[PDB]
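Here is the structure we will look at.
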Amino acid sequence: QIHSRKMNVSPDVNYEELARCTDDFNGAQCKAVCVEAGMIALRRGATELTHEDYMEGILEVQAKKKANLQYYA
Amino acid sequence: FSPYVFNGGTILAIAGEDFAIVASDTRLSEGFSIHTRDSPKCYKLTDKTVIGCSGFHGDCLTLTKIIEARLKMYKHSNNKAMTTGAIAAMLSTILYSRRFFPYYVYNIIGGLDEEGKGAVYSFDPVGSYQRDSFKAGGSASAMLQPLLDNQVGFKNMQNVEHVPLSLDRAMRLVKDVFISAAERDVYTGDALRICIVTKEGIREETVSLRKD
Amino acid sequence: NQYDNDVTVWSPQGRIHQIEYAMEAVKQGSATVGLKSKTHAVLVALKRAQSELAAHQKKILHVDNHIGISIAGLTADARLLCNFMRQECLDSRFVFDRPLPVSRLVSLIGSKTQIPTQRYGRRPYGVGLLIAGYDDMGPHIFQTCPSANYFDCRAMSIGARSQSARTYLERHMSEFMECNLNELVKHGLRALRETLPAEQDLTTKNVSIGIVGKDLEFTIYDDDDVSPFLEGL
Amino acid sequence: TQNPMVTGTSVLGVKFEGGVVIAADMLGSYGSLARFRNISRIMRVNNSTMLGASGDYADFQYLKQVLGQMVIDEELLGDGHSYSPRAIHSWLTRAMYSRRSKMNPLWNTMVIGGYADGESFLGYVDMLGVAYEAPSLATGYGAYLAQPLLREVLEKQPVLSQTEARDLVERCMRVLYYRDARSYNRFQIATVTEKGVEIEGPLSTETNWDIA
Amino acid sequence: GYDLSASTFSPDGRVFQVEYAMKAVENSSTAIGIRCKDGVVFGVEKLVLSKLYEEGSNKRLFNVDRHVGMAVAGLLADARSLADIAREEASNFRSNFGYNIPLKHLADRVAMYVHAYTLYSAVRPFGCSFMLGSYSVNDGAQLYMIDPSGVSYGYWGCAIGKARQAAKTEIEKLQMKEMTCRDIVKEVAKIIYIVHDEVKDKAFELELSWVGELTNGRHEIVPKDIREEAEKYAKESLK
Amino acid sequence: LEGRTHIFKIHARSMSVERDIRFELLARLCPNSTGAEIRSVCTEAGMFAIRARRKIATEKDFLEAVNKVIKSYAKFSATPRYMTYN
Amino acid sequence: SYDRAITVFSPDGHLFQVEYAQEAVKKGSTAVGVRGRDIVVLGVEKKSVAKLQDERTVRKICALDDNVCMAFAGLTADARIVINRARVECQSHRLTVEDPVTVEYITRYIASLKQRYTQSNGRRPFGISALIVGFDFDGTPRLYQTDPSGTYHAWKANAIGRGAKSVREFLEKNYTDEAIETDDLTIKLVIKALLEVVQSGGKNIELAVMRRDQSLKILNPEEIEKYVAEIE
Amino acid sequence: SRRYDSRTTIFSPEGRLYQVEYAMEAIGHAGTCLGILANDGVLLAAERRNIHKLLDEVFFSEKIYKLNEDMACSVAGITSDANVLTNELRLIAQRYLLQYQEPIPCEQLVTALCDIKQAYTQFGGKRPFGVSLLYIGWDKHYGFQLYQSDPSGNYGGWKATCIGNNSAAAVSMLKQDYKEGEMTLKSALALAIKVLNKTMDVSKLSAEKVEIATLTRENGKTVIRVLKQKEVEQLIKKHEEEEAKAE
Amino acid sequence: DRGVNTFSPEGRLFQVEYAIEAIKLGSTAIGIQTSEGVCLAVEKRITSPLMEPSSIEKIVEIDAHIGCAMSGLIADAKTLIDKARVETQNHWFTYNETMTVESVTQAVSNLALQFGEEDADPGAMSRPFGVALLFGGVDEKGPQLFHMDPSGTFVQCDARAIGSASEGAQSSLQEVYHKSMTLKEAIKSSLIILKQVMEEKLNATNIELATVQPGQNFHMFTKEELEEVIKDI
Amino acid sequence: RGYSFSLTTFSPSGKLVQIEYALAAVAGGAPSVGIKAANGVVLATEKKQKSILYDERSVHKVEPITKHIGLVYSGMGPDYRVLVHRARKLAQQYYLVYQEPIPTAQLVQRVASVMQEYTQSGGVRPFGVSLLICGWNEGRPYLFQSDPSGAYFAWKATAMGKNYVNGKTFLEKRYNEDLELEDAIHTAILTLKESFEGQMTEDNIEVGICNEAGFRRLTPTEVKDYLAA
């Protein structure tokens, strides 16, 4: 909320769930989530950040390589 | 120390065009005494199969438990309930697994097959099994079998039409043969349990016999 | 770097990295949810197909007449655990002629799964489960993770993008106890939908349902059998 | 136990409206010698099950130890699940069957009584794995002396009261004392109800008429 | 790299794997235990990670035997495994020698089992500390604690977990020698509530158990009424 | 697969070709081939034409190129011992 | 006992130990084989006579049974072990099926053994490639090859070891029904193929010939010299 | 544990068993062992590498061992491995005699020992035996034989070969001085003396640094002898006189 | 270093993925499931003209109603094929019936991934099998086609292509496949795709084709039938 | 449950580094000497305890094996104890089988074979000890050495431990073939005196003899009486 209170936030953006999907995250990485939440909202031309933008941007900051993780389940 | 004891019991099974009857008495004995009067030998395996076990009771219980367990394993592994032929083959395999210490159990499997007809399988203690239109086993097998051969099988009779078996006639025959067996055999005659197997389901009947 | 190579090396922070990697492996699986009411327990899972012409992977499997499981993770280890569960239940029935309580089965699972986590050359079971069953103590839902830990939950979802489902369940947790079976299944399907990524919807080809209740042995609904539940969401 | 050493005589049992009652004399016979005369042959499995015994007393003590340990293990978990009388009966049957198959039998004949879920239980377990449930049970020489009286009374009146059941057990114990060479005057009575399991002290068949 | 296996000594003479195991338990919620004249009382601060867990789930208090309790801190899987081992040891002792296992003997046996896992590269040190409590007329109240290193010591009061130091300081003001279990339950509730950090931990549930004369020597969970009274006393204390 | 089928195009542009060359087939013959190993195939396939004295390459020339830069020099390589990043 | 995974997958999906076994095979002496109409011929290049060694104890061509023989390229000890295994299996097959072994059966047995070694624990892959020749009961001539990975194929004529590629090209260019018309033609084909690889020529080639009913015959130095002269 | 495992049964990138190669390299530092085959016997000449005024004379030989009534062997490499392999050879020969009631042919014995060595260099995780053995014996099938063995498990029959220090020089010299099929035992002994003289650059033979053994057939029974100081000194004197006469 | 059973930071077993990558070096194999039957095709990939194509057996028969197409490391598949045959015959011996395709694939998959390094078995496998197998056959449920990989995951596929040309063969199959297809059309489409992907010109001596139908049993197309089909290309 | 891989492996130049390091550890051990006389054998060592607190007679270095065999060592004491135990067990097994005392050479061979096992077996290190075996069989004295590598040699006189090269030079200068046991004892004590660094006393050293009577460790009084010279 400190680093996100400068760009835009829809009223329906549950930070509590965001703070739960991000575990073992140091403080600096937490800011990158908000920063990347915007760059990825800019890709799909818009003016409002949405929860799926934060969640989708969490992966980009987690820095985990694609591995065709699709033969599980 | 004898690892075996004979507890009596008489099994019967008749196969029809669209049904299958598995009958049995409800007397448990040990020597010259009576253990209980309400111990049937008929066990339901699936919705279209029934097994009757007579002989040494402990082996009967263990074999029934093993059969039920294996049925569940097959259902889980192959995602389909077993057929009567599968049960018969499995039982033949199980019995031979203990050939050198055999189960003292006489088994008669009665149920419906895939085509929807009646099927009755007889077994020996070691595993020899065959399909038959009707079979009786246990203490009074010798008494029951000839009558089933004469009436159901129309054997040794000439100038008699081979009318197909009817459910009512099958039930009447079962009751008559078991009453006759009770009148003579000491180990049977307490009460009769009949397990009818049809497309609709399995129906159970009980008939009183002479306690002597 | 050198402390994430085996399951018998403690990190200076007090963590076993192999267990964390197994947890991640489970998180990489497809979604699944589990609920319970005063009289029923429900497991709803989302199946995904590798290719358009491939059948969707099954997730809900039988264990006994009163226990089910939804898998999320490596499939071979899931089958191994399911076989162990089935054998344990069969042995309990054979010896005591009594259904095995779900809690004892989960304890056995924990004991089995802890052994690899302490011996050289072994790996954690890379699978997470959602056990549902009905015993003398009522409906039960359990969660098992690759680390030999189990949680008794009144509602929980695991797998990819499961946090949305967990948030929904926490929001609507106050009405699960006193709802009919249809309402409970609808809640589970709604959580599963909340897991989905916007441009997609629940369909008969990717949703599976499993219900166990007081007078209802465990059953699995798949293919056209799930249409009654979807019609209404 | 190929050669039993210290043996016990009959164990009686009858189920009434609200529970079951078990009886057994306190006597360990070393082959026609009242060696030990203050030994209890009844055990309290848990709050809803009690178990009598006959045959080798050492085997009975071993079973006591094993079953007590299982009950303790179940109680430790505190998960709200308790072994039912049927569960204990099945476990005992399986243990005896396994020992018989290994040819190292437990020379015992056990009677299990209990009252769970508002229903009474009364079971039998022989050294060969025979197991059955009947309204009244009598092991050893009771099957010849005491069982007939119980069966007659129960056939006349299927459901008994606690007082009637106790009177019947006392009369059967008196008959066994009269006509059994290995019986002892002192005996115990165990009753299970909704209140739990109660074991009565060393009662005596004081009603011993000796009109020669 | 001298801290990759339990079978290698540091040049200064330490087994670093055991230290890391100790650090693992230090990151768990505190669990204290107090010994009194009547018996012993155990309390565990159970963090509710989410509202989706049934109250009583992930219970950290076990009954290894009908007269011995168990409170654990650290990795819960290893705690459950060691609880199973303690149950097995008690059952074997009862079967062989014919009477309830003394608490000191059980603690020594379980500690030696833990120690056996701190010598070889084929196994890793247990990541859990726990305390056993028992009461008998012949033996009296007893309380022991076993660490990953396998050290067994008898305590009048002990705490294991994150807030071990604070719990120990607060326990030291209890003069537990001449008190009964009734007062100790309330004192344990107050101590657990004091040590708990609301800023870090979201919410928690208090789990209590006891074994003493009042319980006729049987380890059992405290009745809900006494738990509620103790919780109310704890709230009143933090005014 | 879609990638290394495109690396071949970006490195085989300013060279003489049979036009009708199954570049996709060549792409699938070197599954885990780095970008460099693809330029060495293109820069070597035409090498087999300078030796024969021809001036226009051919698919058979490229196939011999893959047999030398991908499967014949695989003894040394770098990909197998680096994807572990160690 | 020892239970370390000797053969393990590598990124890019390779069994590096199998590749090293193939490399070791490549460093062994050359071998050749040709399938004739009524004759199967096996040749081998001798690294050095040495003028002191006993040629009997260095034979690279050995008879598994009456109707099968092989030549190996690679490590001698691994070859000997595989030969002993094949011989015992051939005798076991004779005992059980009561008929002589077929070339396919024995080559499959060797391939299965090599695969088991390349997928077992605490075991190194067998570093040998084998050419198996013989006549089945039907009389049809056969020729098979084996590789450390455990793969076997039927060849009209193959060559393994140093110069495998050169001899393979020579055989591909110069194999025709005319060349296999007569037994002498097949022997000349094998010798000519070897001469493309061996340097000294003549004295450094050992040829073994098996016919339909006759057992294995190892050509003496005089016969090989006569054939070499006829080739010139 | 993987870290401490030396991985002694792997293939190097060039397909070489490194441990076997290093074991062979070890043999190069052992004593010189020589064997010549004659039409009427076989002989082994070995360099007595241990030489000191304090060592006592025990046993019938230092490096030449007896395996059967008609076999003997000489070892170069690590002595303890040599002892282990000699014991195994004796056991194998006695097992064969018990099974067939006939002495084991030399080829079978060398094959059995080489099978043991191969097993050690293929599976097990243990270091290979660092010893090469020279065998001499007689059998009813092929008469006199002379065999060689290496850690890899490879054996070959030879008419004259050398293993140990300066083996290549001995092999070259023998190649030039060996008349196949026309050598008596006396000529073989003279050739062995020359080879040992030139191969041991350290001074000249002193009759104490040489251990010569002979295998011959007499009256239908094999005879294995170890030459005494007198005959070795006589051979040295004859060789010196012959060299002087040549020059 | 990095034993066989080690989990990558993303939760994917290293050896399983390394094996999966090895499948891409195998020969293309195509399997199409049709109501009339199931077809299996594979490229033989002849190295030299001297090698006899008849000796390359990439399609094998497990029983009279089950066939398997292989791709990858051929040697590793032999053990799995033998296990499948033994399991089928054991099922026939015990239950006097024919094991379904799903059961055979399940057993073979259970065999896969049972590899270990320490405390596994006296002769347990060291590495996973580097083969992807296509099981095809006719059972009580009609024709079935199953795809199994080293991971032990098996999925029923209407039309699945494995091997080097898997990507692109799958796209073509999606393009041409439809539910109401006939066996002749399936064979023709498979041959067209195989011709497109194969390196060398397609002919009767470098492809194998097998069909299983409800009436007929496992039939491996001989040379004459293959030439008849290729006539139209 | 125990490493199955050998910890001793061949270095590129062909040496077994572990065995060389074991020999270095031996060289770092205490001095020892053995002289073979014409009517017996003698073994001598040093026992300078770190302080007066140590009990000199608590533990012995010259330990008997059988009635006619004894041994001494130079290296790690615990390894010497293990080897002594194994040697005694082997001797008793031989006696039971053959009903005759184990000859010195045979015991040497068996002990050496025991040592070799530890330089090839899995998860073990070479014994860091070298033994000197003395005995009297077949009416002649016997003296043997056995190194960690498993090789054994027959000696007329030898010395191990610190400054063993200097001791061997001393022996080569002073040894005579026709000595008697008493002169051998004196020579051994003198050789020990060459590298001792301190005042030699009855408790500082140990002496053992082996003659027709059998093996026996000399008492401190006899050692003192010999020490007079």
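Quick note on naming: the chains in the structure tokens go A, B, ... in the order shown, residues restart at 1 in each chain, and ligands are numbered from 1 in order of appearance.
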
Inset, instruction - Would you list, as number ranges by chain, the residues of region 70-189 of chain E that end up in alpha helix (DSSP H) under DSSP run on this structure's backbone? - result: E: 76-97, 103-115, 164-171, 181-189

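By chain and then residue number, the residues within 10 Å of residue 81 (chain D) are residues 100, 101, 103, 104, 135, 136 and 137 of chain C; 74, 75, 77, 78, 79, 83 and 84 of chain D, counting only C-alpha atoms and disregarding those fewer than 2 positions away in sequence.
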
The selected residues should be written to file as an mmCIF file, in the first residue's frame (atoms: C-alpha atoms).
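Below is the file result.cif, written as the result:
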data_model
loop_
_atom_site.group_PDB
_atom_site.id
_atom_site.type_symbol
_atom_site.label_atom_id
_atom_site.label_comp_id
_atom_site.auth_asym_id
_atom_site.auth_seq_id
_atom_site.Cartn_x
_atom_site.Cartn_y
_atom_site.Cartn_z
ATOM 1 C CA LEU C 100 -11.356 -47.002 9.038
ATOM 2 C CA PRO C 101 -11.896 -43.496 10.466
ATOM 3 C CA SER C 103 -8.359 -39.318 10.908
ATOM 4 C CA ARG C 104 -6.506 -42.594 11.462
ATOM 5 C CA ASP C 135 -17.338 -41.500 9.818
ATOM 6 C CA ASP C 136 -19.083 -41.872 13.168
ATOM 7 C CA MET C 137 -17.849 -38.356 14.006
ATOM 8 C CA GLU D 74 -7.183 -46.491 20.699
ATOM 9 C CA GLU D 75 -7.914 -44.388 23.787
ATOM 10 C CA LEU D 77 -5.619 -40.854 20.101
ATOM 11 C CA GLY D 78 -8.784 -39.346 21.581
ATOM 12 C CA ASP D 79 -10.461 -39.115 18.173
ATOM 13 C CA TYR D 83 -13.601 -50.362 19.448
ATOM 14 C CA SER D 84 -17.044 -51.912 19.253
#

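The spacing separating CA of residue 190 (chain E) from CA of residue 232 (chain E) amounts to 9.4 Å.
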
Inset, instruction - Enumerate as a ChimeraX atom specification the residues belonging to chain F that approach chain G to within 7 Å, with only C-alpha atoms taken into account. - result: /F:32,80,83

Legend entry - Backbone DSSP call of strand (DSSP E or B) for region 28-213 of chain C, listed as a PyMOL selection string: chain C and resi 32-36+40-46+54+60-62+67-73+119+127-135+138-145+148-153+155-158+207-213

Given the selection you just returned, output its residues as a file containing C-alpha atoms, formatted as a compact mmCIF listing (two decimals), in the first residue's frame.
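Contents of the output file selection13.txt:
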# COMPACT_ATOMS: atom_id res chain seq x y z
CA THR C 32 -9.28 -28.35 -6.50
CA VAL C 33 -11.63 -27.45 -3.64
CA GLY C 34 -13.15 -29.27 -0.69
CA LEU C 35 -16.07 -28.39 1.60
CA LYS C 36 -18.18 -29.98 4.30
CA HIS C 40 -21.98 -34.04 3.61
CA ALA C 41 -18.46 -33.59 2.28
CA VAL C 42 -17.77 -32.47 -1.29
CA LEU C 43 -14.68 -32.37 -3.51
CA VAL C 44 -14.80 -30.38 -6.75
CA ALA C 45 -11.78 -30.38 -9.04
CA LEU C 46 -10.80 -28.67 -12.29
CA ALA C 54 -6.37 -35.52 -25.10
CA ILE C 60 -10.89 -37.56 -7.88
CA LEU C 61 -10.24 -41.20 -7.00
CA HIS C 62 -11.92 -43.82 -4.84
CA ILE C 67 -13.33 -41.90 1.73
CA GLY C 68 -12.30 -40.00 -1.38
CA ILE C 69 -9.32 -37.95 -2.48
CA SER C 70 -8.55 -35.17 -4.96
CA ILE C 71 -4.95 -35.21 -6.16
CA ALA C 72 -2.81 -32.20 -7.02
CA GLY C 73 0.74 -32.93 -8.12
CA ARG C 119 16.70 -40.59 4.99
CA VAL C 127 1.60 -34.83 -4.25
CA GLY C 128 -1.02 -32.98 -2.25
CA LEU C 129 -4.40 -34.45 -1.42
CA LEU C 130 -7.82 -33.33 -0.23
CA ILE C 131 -9.34 -36.25 1.67
CA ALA C 132 -13.11 -36.29 2.19
CA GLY C 133 -15.01 -38.90 4.16
CA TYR C 134 -17.85 -39.65 6.54
CA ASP C 135 -17.34 -41.50 9.82
CA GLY C 138 -19.48 -36.78 10.95
CA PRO C 139 -18.27 -35.32 7.66
CA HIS C 140 -14.53 -34.73 7.45
CA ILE C 141 -12.17 -32.84 5.14
CA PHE C 142 -8.39 -33.17 5.37
CA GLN C 143 -5.38 -31.67 3.58
CA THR C 144 -2.04 -33.40 3.07
CA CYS C 145 1.13 -31.78 1.74
CA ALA C 148 4.46 -35.05 6.11
CA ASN C 149 1.90 -32.65 7.56
CA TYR C 150 -1.89 -32.89 7.56
CA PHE C 151 -4.50 -30.29 8.45
CA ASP C 152 -8.14 -30.84 9.45
CA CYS C 153 -9.93 -28.13 7.48
CA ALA C 155 -12.83 -25.89 3.64
CA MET C 156 -9.62 -25.65 1.63
CA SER C 157 -8.32 -25.46 -1.92
CA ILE C 158 -4.91 -26.44 -3.30
CA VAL C 207 -15.19 -30.19 -13.82
CA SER C 208 -15.45 -33.28 -11.62
CA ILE C 209 -17.45 -33.64 -8.41
CA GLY C 210 -17.28 -36.13 -5.56
CA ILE C 211 -19.84 -36.34 -2.76
CA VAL C 212 -19.92 -38.40 0.44
CA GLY C 213 -22.72 -38.17 2.98

Inset, instruction - Pick out the residues sitting within 8 Å of region 143-154 of chain I, and hand them over as a VMD selection string; count only C-alpha atoms, and ignore anything fewer than 4 positions along from it in its own chain. - result: (chain A and resid 71) or (chain C and resid 75 to 76) or (chain I and resid 16 19 to 20 31 to 38 101 to 102 105 to 106 109 to 110 112 to 113 128 to 139 158 to 160 212 to 214)

Legend entry - Selection: 10 Å around residue 56 (chain F), only C-alpha atoms, excl. self and same-chain fewer than 6 positions, as a VMD selection string: chain F and resid 15 to 19 46 49 to 50

Go ahead and dump the residues you just picked, N, CA, C and O atoms, as a PDB file, in the first residue's frame.
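As a result, result00.pdb now contains:
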ATOM      1  N   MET F  15      22.563 -16.122 -48.629  1.00  0.00           N
ATOM      2  CA  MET F  15      23.309 -17.259 -49.143  1.00  0.00           C
ATOM      3  C   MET F  15      22.499 -17.930 -50.240  1.00  0.00           C
ATOM      4  O   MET F  15      21.273 -17.806 -50.301  1.00  0.00           O
ATOM      5  N   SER F  16      23.200 -18.644 -51.114  1.00  0.00           N
ATOM      6  CA  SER F  16      22.550 -19.355 -52.203  1.00  0.00           C
ATOM      7  C   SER F  16      21.907 -20.629 -51.676  1.00  0.00           C
ATOM      8  O   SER F  16      22.528 -21.380 -50.919  1.00  0.00           O
ATOM      9  N   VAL F  17      20.662 -20.872 -52.077  1.00  0.00           N
ATOM     10  CA  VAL F  17      19.896 -22.010 -51.597  1.00  0.00           C
ATOM     11  C   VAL F  17      19.157 -22.646 -52.765  1.00  0.00           C
ATOM     12  O   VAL F  17      18.956 -22.036 -53.816  1.00  0.00           O
ATOM     13  N   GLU F  18      18.742 -23.893 -52.557  1.00  0.00           N
ATOM     14  CA  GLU F  18      17.853 -24.597 -53.465  1.00  0.00           C
ATOM     15  C   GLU F  18      16.432 -24.053 -53.362  1.00  0.00           C
ATOM     16  O   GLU F  18      15.513 -24.599 -53.974  1.00  0.00           O
ATOM     17  N   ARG F  19      16.236 -22.979 -52.600  1.00  0.00           N
ATOM     18  CA  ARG F  19      14.905 -22.423 -52.409  1.00  0.00           C
ATOM     19  C   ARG F  19      13.999 -23.441 -51.730  1.00  0.00           C
ATOM     20  O   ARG F  19      13.506 -23.204 -50.623  1.00  0.00           O
ATOM     21  N   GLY F  46      27.292 -24.322 -46.345  1.00  0.00           N
ATOM     22  CA  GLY F  46      27.884 -23.702 -47.512  1.00  0.00           C
ATOM     23  C   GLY F  46      29.359 -23.989 -47.654  1.00  0.00           C
ATOM     24  O   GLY F  46      29.897 -23.900 -48.761  1.00  0.00           O
ATOM     25  N   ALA F  49      29.936 -26.741 -49.942  1.00  0.00           N
ATOM     26  CA  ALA F  49      29.776 -26.379 -51.341  1.00  0.00           C
ATOM     27  C   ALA F  49      31.011 -25.720 -51.924  1.00  0.00           C
ATOM     28  O   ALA F  49      31.298 -25.904 -53.110  1.00  0.00           O
ATOM     29  N   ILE F  50      31.753 -24.957 -51.119  1.00  0.00           N
ATOM     30  CA  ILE F  50      33.004 -24.387 -51.589  1.00  0.00           C
ATOM     31  C   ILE F  50      34.008 -25.475 -51.930  1.00  0.00           C
ATOM     32  O   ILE F  50      34.815 -25.306 -52.850  1.00  0.00           O
TER      33      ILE F  50
END

List the neighbours of residue 195 (chain E) out to 7 Å using only C-alpha atoms; skip same-chain residues closer than 5 positions along the sequence, and give me the result as a compact mmCIF listing (two decimals) with N, CA and C atoms, in the first residue's frame.
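The result, stored in result10.txt:
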# COMPACT_ATOMS: atom_id res chain seq x y z
N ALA E 163 9.28 -17.79 21.88
CA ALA E 163 9.39 -17.02 23.12
C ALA E 163 9.76 -17.90 24.30
N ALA E 166 11.26 -15.24 27.20
CA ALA E 166 10.19 -14.53 27.89
C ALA E 166 9.38 -15.47 28.77
N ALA E 167 9.03 -16.64 28.23
CA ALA E 167 8.25 -17.59 29.02
C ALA E 167 9.01 -18.02 30.26

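Atom to atom, CA of residue 119 (chain I) and CA of residue 1 (chain I) stand 17.8 Å apart.
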
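Excluding region 12-27 of chain A itself and same-chain residues fewer than 6 positions from it, the residues having an atom within 7 Å of it are residues 50, 51 and 55 of chain A; 163 and 167 of chain C, counting only C-alpha atoms.
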
Enumerate, in order of chain and increasing residue number, the residues of chain F with an atom no farther than 12 Å from chain H, each with its shortest atom pair and distance in Å to one decimal, counting only C-alpha atoms, as CSV.
residue,atom,partner,partner_atom,distance
F:74,CA,H:13,CA,11.5
F:75,CA,H:13,CA,7.9
F:76,CA,H:13,CA,9.3

Inset, instruction - Fewer than 5 positions away in the same chain doesn't count, so skip those; otherwise give me all residues within 12 Å of residue 190 (chain J), counting only C-alpha atoms, as JSON, numbers by chain. - result: {"J": [32, 33, 34, 35, 44, 45, 167, 170, 171, 174, 175, 183, 184, 185, 195, 196, 200, 205, 226, 227, 228, 229]}

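Reported to one decimal place, the separation of CA of residue 203 (chain J) from CA of residue 55 (chain J) is 9.6 Å.
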
Considering only C-alpha atoms, give me a table of residues in chain H that are at most 12 Å from chain C, with the closest atom pair and distance in Å for each, as CSV.
residue,atom,partner,partner_atom,distance
H:1,CA,C:120,CA,8.2
H:2,CA,C:121,CA,9.5
H:3,CA,C:5,CA,11.4

Write the residues of the selection above to a file with C-alpha atoms, as a CSV table (one decimal), in the first residue's frame.
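Generated output (out38.csv):
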chain,number,residue,atom,x,y,z
H,1,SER,CA,27.3,-40.4,0.2
H,2,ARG,CA,27.8,-39.0,-3.3
H,3,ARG,CA,30.3,-36.4,-2.3

Residue hits in chain J, query chain E, radius 10 Å, only C-alpha atoms, as a PDB file with N, CA and C atoms, in the first residue's frame:
ATOM      1  N   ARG J   1      23.993 -47.090   5.619  1.00  0.00           N
ATOM      2  CA  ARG J   1      24.333 -48.163   6.544  1.00  0.00           C
ATOM      3  C   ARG J   1      25.762 -48.644   6.318  1.00  0.00           C
ATOM      4  N   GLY J   2      26.609 -47.749   5.820  1.00  0.00           N
ATOM      5  CA  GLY J   2      28.010 -48.083   5.569  1.00  0.00           C
ATOM      6  C   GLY J   2      28.356 -47.834   4.114  1.00  0.00           C
ATOM      7  N   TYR J   3      29.378 -47.011   3.905  1.00  0.00           N
ATOM      8  CA  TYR J   3      29.835 -46.725   2.554  1.00  0.00           C
ATOM      9  C   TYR J   3      30.387 -47.987   1.909  1.00  0.00           C
TER      10      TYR J   3
END

Legend entry - Residues of chain I within 8 Å of chain F, counting only C-alpha atoms, as a ChimeraX atom specification: /I:24-25,164-165,167,197,199

Legend entry - Interface, chain G side, toward chain H (9 Å; only C-alpha atoms) as JSON, numbers by chain: {"G": [1, 2, 3, 4, 6, 7, 16, 17, 18, 19, 20, 21, 22, 23, 24, 25, 26, 27, 50, 51, 52, 53, 54, 55, 56, 57, 58, 75, 76, 77, 78, 80, 81, 121, 122, 123, 124, 125, 126, 127]}

Inset, instruction - Output as a list in words the set of chain C residues within 10 Å of chain B, with distances taken over only C-alpha atoms. - result: residues 61, 62, 63, 64, 65, 83, 86, 87, 90, 91, 93, 94, 95 and 97 of chain C
